[PDB]
Amino acid sequence: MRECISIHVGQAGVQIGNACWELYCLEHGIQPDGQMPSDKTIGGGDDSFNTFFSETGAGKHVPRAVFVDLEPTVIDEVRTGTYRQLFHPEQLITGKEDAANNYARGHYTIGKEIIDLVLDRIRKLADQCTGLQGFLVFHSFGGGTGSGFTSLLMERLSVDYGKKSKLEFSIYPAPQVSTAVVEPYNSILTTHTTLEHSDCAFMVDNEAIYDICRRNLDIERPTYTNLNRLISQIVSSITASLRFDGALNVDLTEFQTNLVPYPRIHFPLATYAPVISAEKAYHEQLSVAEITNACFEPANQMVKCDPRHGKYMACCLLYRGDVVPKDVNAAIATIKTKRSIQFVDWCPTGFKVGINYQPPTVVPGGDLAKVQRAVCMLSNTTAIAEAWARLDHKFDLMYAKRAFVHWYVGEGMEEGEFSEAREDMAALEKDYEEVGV
Amino acid sequence: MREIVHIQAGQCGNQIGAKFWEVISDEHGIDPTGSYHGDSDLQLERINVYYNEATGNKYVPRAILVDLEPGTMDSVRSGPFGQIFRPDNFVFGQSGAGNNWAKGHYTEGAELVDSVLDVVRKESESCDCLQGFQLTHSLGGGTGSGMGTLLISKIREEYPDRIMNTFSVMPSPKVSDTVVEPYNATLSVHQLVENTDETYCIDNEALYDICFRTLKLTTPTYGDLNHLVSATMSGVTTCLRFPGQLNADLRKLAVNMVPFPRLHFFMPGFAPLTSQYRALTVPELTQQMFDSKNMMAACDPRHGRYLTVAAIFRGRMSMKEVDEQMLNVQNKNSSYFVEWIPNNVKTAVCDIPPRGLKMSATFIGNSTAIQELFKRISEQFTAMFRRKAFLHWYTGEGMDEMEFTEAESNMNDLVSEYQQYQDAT
Amino acid sequence: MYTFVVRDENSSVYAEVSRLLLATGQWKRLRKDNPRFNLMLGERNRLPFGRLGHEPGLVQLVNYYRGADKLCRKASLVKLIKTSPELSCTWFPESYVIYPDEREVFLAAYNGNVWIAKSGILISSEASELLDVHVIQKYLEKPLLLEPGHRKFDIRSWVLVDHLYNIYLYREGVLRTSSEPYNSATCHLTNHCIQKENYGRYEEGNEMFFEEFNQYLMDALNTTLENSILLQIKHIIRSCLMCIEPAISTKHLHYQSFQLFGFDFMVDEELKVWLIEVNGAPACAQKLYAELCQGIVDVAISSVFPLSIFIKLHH
Amino acid sequence: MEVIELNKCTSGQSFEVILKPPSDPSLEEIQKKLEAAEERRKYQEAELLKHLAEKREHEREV
Ligand SMILES: Nc1nc2c(ncn2[C@@H]2O[C@H](COP(=O)(O)OP(=O)(O)OP(=O)(O)O)[C@@H](O)[C@H]2O)c(=O)[nH]1
Ligand SMILES: Nc1ncnc2c1ncn2[C@@H]1O[C@H](COP(=O)(O)OP(=O)(O)CP(=O)(O)O)[C@@H](O)[C@H]1O
Ligand SMILES: Nc1nc2c(ncn2[C@@H]2O[C@H](COP(=O)(O)OP(=O)(O)O)[C@@H](O)[C@H]2O)c(=O)[nH]1
Ligand SMILES: [Ca+2]
Ligand SMILES: [Ca+2]
Ligand SMILES: [Ca+2]
Ligand SMILES: [Mg+2]
Ligand SMILES: [Mg+2]
Ligand SMILES: [Mg+2]
């Protein structure tokens, strides 16, 4: 067994981290006090769930998690939350004043004063690991801490854990829930500085999750609680192979091997189905073919884009529930003849499939209905570059006038880092177009 | 970022600052004696932003009252909420400033400024995480204008990493005390351009027009004008005083509203305008909130473009309908929002409405049309300065004509800077 | 009040559409770079489809189908017909893609033997002169020749596909005729540019419309335009668009697309219709601009943003 | 259409379906960047205090 350490940075990362670990506890049968009766090896063990949980002498199962936020309000709710006993104080790190939606303030000014503390608290967990795989970093693009402090942390992790893998779960900025005008700036800056240090990054556009909640859950004005419960379902589908017995994506390295043929293009598109409202009295349970076909509808993707006008480099189907290989192949055969699925000439046109018989777990009192079978498709398509174009275009509009730039220079940053980061994004868009056309 | 230190200087600053504390003390369930008698924990969740907690669980405003004569401050101490203020935070002189920027900034105010900074320091030392300072003052007088900007400069020297915010009342011949007001205002604007992060331009011309044209007040008094100011001050600070995600602290507000450091002068707006029993609909709030007749600065928004906008809806309403109506204004009037700042309109919602109203909306706009205000002051300034009229009041306090020429040039530069981004594409 | 932007100043068709939209008092034109638009009359090259449908509170529509170039490019059309099982093909001339591929396959068919190469055109009987990206297509050596004149022609049909992928064929077509008699060994290329440079003898501007051409087929051949030609045209239009429908449809997309196409057909002496090419940004006939551009607003624009001359090709 | 590498267990199973074959900076360098930006802050703050100090001198001369 090899351990994984989760790192939650900023408000978005922390609150999403809370939803995930809550979902992890329900799936593994861990109670809010960290006690799991199902575990018979009291005080230790090398089971599959031990990748995300350590065990104490009293039988408490403690997440291998570190929460970080440059201000205390959000993490304080974890200190007094339902799962307060789950964590111990050393895992929760808070400052007093935040980055004010300013990348330079989270990376240079305030980040320099707390980076050593966080690395030290991460070193505490790494010492409890017989064989650490790497890290799962949760953060936003638009926040000053999520963008600024994450880039600095990812730089230092490559120094202290050069052989370990690092996966991201990134929240892409959407004006419908946005809190700052300069989020395009922070997104480009943190992507440029974190690119070479990230092995595989799963982007989640708040726009897509917002509309999925409105369309498929009948929520007029979705809240962060609505968005995060749905995001945690996708994150759980992606990490279930690390927490349960299986043979597909059993360690963080397989994610890079199965989904990332070229390092810079490490942004797989995630698509999830079915999303059913719990308020709905009854719902006709969808078949294997129906949910697999839904993986090719843009309305179910984590980023709104058109994979038909790009090319695939890899595809992974992750089923949970009553699914057998026979139904999957019959669904893939039907879909090949209808959908427009183009692979790059230097990749096999195929799918890696993983099935876990335990159906998806829904938080009681949530908005998602229980389903007998669900799927999450991870496909590395060049169409996701549409999100980089949207982001870079907004960056170009503001930076041409140097709007808000003085806020970053005032924190010690140089204007040159803006154009340096934008030029790296211009190359990234070019890499996608070479592969996709 | 939790504590804000309030400062009110001069006649206008203290009469307006006093009404501000009366309004928000009612919204936070604090009585004139500082005791809490509210019915919602949302009132006390962010009470430490503007109040200190005393011994017997009393709440003392974190406010400092400044003036060069005791006249107005004695009226505050005798006012309804006068007992709530910390007695030691009353710092006042005797000689007065005679509506003279020089007296407040260089002579009379210099004698008193160190005493004020001692009270500021005493209040800042007990702050867990000081956001910065907010100042209420006029620009047309002497104390609030001259000593006010002196305080801002000396506070920035001692707290250069804190946010400086002001509510600045702009003079107008319609509500004018002396003819030297354009002098005092031009000199102060230059100071504000350099040493503040956020300035709400409250124009006495607009307040009078609103009282006369809209509220049908034949003879508006300063009390009638201050009802509009108190209501606007409550709205623009709602996001600071109640739990929320958008513009919840002074620095994040500055990052969202100030694309260029010198262009930090905001046009406030409020709806509905009061001096009624029918509650307004969300479409009505949005239309009036953006109407020129609701702007507290006498500028036509259609003559300029919006760099950034902050909107605050208060009360119990459909947050979906709020999102819809806000998108409607932007999509129907896209030309008046600069296209080179995407998504420059941010909206917040608070469930607690102000007193007397079930629904309210507050507008905070950074429009290039604010240049019309500075143009107006500059024309009044130059009309007298081309003949050196009334300058002896200032040269007698040690000032040189060169300092006036510099202030005139600096404000004309500010006007040109606003015009740059009004035609920028 | 709806909003739209214009990003193709050279579009004679949509210059009239934007003129008609403003004339209704319910459409406001924004700056070309204003993102808060309902309709986009986009450019021909590098249209930013990825930035569409991301404006909350704005139903956005664009006058181009992303991916339609597969049908409106010479080499792409050949590749599409040969590789698509639903097209396999009796109505498309035998063609081959040649780079300066299927060259050895083109010579196998070479062993009537007159061809044509295009992408500057070259018609030759010997293949060596042709080879000395392009597509080599079989030249129709026996075209239907109009009389009096003994001359060549081609038919242009305008097709409108709306956001629901309804296929609308404009009633009025046009025959871009040659004014010179066809010689087997200017009379071969019926382009309006090549003919305008004996022009305008039989019909005005070498443009014969359907009323005159239908009367000719009745008097000269004892048949109608509908039966002899139009049935094959509607079949070809439907087959081409229904083939690419799964790849370009915006049915479940965050933005909607429509597009006006220009199909160019050739008729042989046996009254058989052949497809020549499909144009993605076509122009209209002068006397037909008014009726067609109004039909675009009613069927493609006003259907999405509310305020017959078409034949609906049902699926 | 081939199905390969079928692994089964009690929790589930996995496999691969093919439809067609194919045709860092050091800690020192980081600390330099962080401290180089910190010095640009101190410089800008010192230029401000220098500017404010010149204003204090003007207040005396008046
Ligand atoms: N999905 C989701 N997005 C969030 C959540 N919280 C914040 N965001 C998004 O993240 C962006 C803002 O960044 P934050 O994470 O809130 O800021 P931060 O990391 O705390 O950094 P600071 O600027 O120092 O406060 C916006 O685009 C928000 O919409 C959340 O709980 N769930
Ligand atoms: N296989 C073929 N057989 C007979 N004639 C042909 C032919 N291919 C082309 N032609 C003739 O050459 C002319 C030009 O062909 P083509 O349409 O490919 O060029 P083009 O695209 O520049 C004109 P447009 O864009 O208006 O259709 C046609 O009108 C036709 O008369
Ligand atoms: N709105 C408002 N404006 C005032 C009030 N008192 C004075 N002013 C304005 O402020 C200017 C005079 O400044 P004032 O505050 O009286 O001088 P100071 O005491 O030396 O600061 C004039 O332009 C007045 O119109 C008031 O109570 N309300
Ligand atoms: Ca165990
Ligand atoms: Ca004295
Ligand atoms: Ca002292
Ligand atoms: Mg935060
Ligand atoms: Mg006075
Ligand atoms: Mg053509």
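As the structure lists them, so they are numbered: ligands from 1, and atoms in each ligand from 1. A, B, ... follow the sequence lines: proteins, then strands. Residue 1 opens every chain.
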Does the side chain of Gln11(B) pick up a donor-acceptor pair with the side chain of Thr143(B) at under 3.5 Å?
no

Please check if any side-chain donor atom of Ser168(B) sits under 3.5 Å from a side-chain acceptor atom of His137(B), or the reverse.
yes

Do we get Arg77(B) above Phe90(B)'s six-membered ring, with its NZ or CZ under 6.0 Å from the centre and within 45° of the axis?
yes

Below 3.5 Å, N or O to N or O, backbone or side chain included: is there any such pair between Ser138(B) and ligand 3?
yes

When you measure from atom 20 (O) of ligand 3 to every protein heavy atom, which one gives the shortest distance, and what is it?
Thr143(B) N, 2.7 Å

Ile64(B) pairs by side-chain contact (heavy atoms from CB on, under 4.5 Å) with which of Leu151(B), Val120(B), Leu135(B)?
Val120(B)

Purely on distance, is any nitrogen or oxygen of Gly141(B) under 3.5 Å from one on ligand 3?
yes

Looking only at protein heavy atoms, what sits closest to atom 21 (O) of ligand 3 is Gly144(B) N, 2.7 Å

Any ion pair linking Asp98(A) and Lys252(B) (charged N to carboxylate O, less than 4.0 Å)?
yes

From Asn99(B), does some N, O or S atom reach closer than 2.8 Å to the Mg ion (ligand 8)?
no

Judged by atom type as modelled, is there a donor-acceptor pair below 3.5 Å linking the side chain of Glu205(B) to the main-chain atoms of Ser172(B)?
no

Let me know which of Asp69(A), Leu227(A), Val74(A) forms a side-chain contact (heavy atoms from CB on, under 4.5 Å) with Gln15(A).
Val74(A)

Using the rule given for side-chain hydrogen bond (donor to acceptor under 3.5 Å, both in side chains), can you reason through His227(B) versus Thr274(B), listing the C-alpha separation, both sets of side-chain angles and the distance that settles it, and then say yes or no?
CA-CA 9 Å; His227(B) 179 70; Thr274(B) 68; 3.2 Å; yes

Around atom 8 (N) of ligand 3, find the nearest protein heavy atom and jot down its residue, atom name and distance.
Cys12(B) CB, 3.6 Å

Can you report which non-hydrogen protein atom sits closest to atom 22 (C) of ligand 3, along with the distance?
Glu181(B) OE2, 3.2 Å

Intermediate values then yes/no, side chain to side chain contact (heavy atoms under 4.5 Å, CB included), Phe381(B) and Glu181(B)
CA-CA 9 Å; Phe381(B) 176 98; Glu181(B) 290 174 353; over 6 Å; no

Counting heavy atoms only, which part of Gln11(B) comes closer than 4.0 Å to ligand 3: side chain, backbone, both or neither?
both

What is the closest protein heavy atom to atom 26 (C) of ligand 3, and at what distance does it sit?
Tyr222(B) CD2, 3.3 Å

I want to know if ligand 3 touches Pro171(B) in the polar sense, i.e. an N/O pair below 3.5 angstrom.
no

Do any heavy atoms of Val229(B) fall under 4.0 Å from ligand 3?
no

Are more than 12 heavy atoms, taken from residues, nucleotides or ligands other than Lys19(B), located less than 6.0 Å from that residue's NZ atom?
no

Side chain, backbone, both or neither: which part of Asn226(B) comes within less than 4.0 Å of ligand 3 when only heavy atoms are counted?
side chain

For residues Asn184(B) and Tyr394(B), is any side-chain donor paired with an opposing acceptor at under 3.5 Å?
yes

Nitrogen or oxygen atoms of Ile16(B) and ligand 3 under 3.5 Å apart:
no

Is it the side chain, the backbone, both or neither of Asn204(B) that has a heavy atom closer than 4.0 Å to ligand 3?
side chain

Can you tell me which residue and heavy atom of the protein come closest to atom 27 (O) of ligand 3, and the distance to 0.1 Å?
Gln15(B) OE1, 2.7 Å

For ligand 3, find out whether one of its N or O atoms is nearer than 3.5 Å to an N or O atom of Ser176(B).
no

State the atoms of ligand 3, each with its element, that fall below the 4.0 Å cut-off from a heavy-atom position in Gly10(B).
19 (O), 21 (O)

What residue and heavy atom of the protein are closest to atom 12 (C) of ligand 3, and at what distance?
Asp177(B) OD2, 3.5 Å

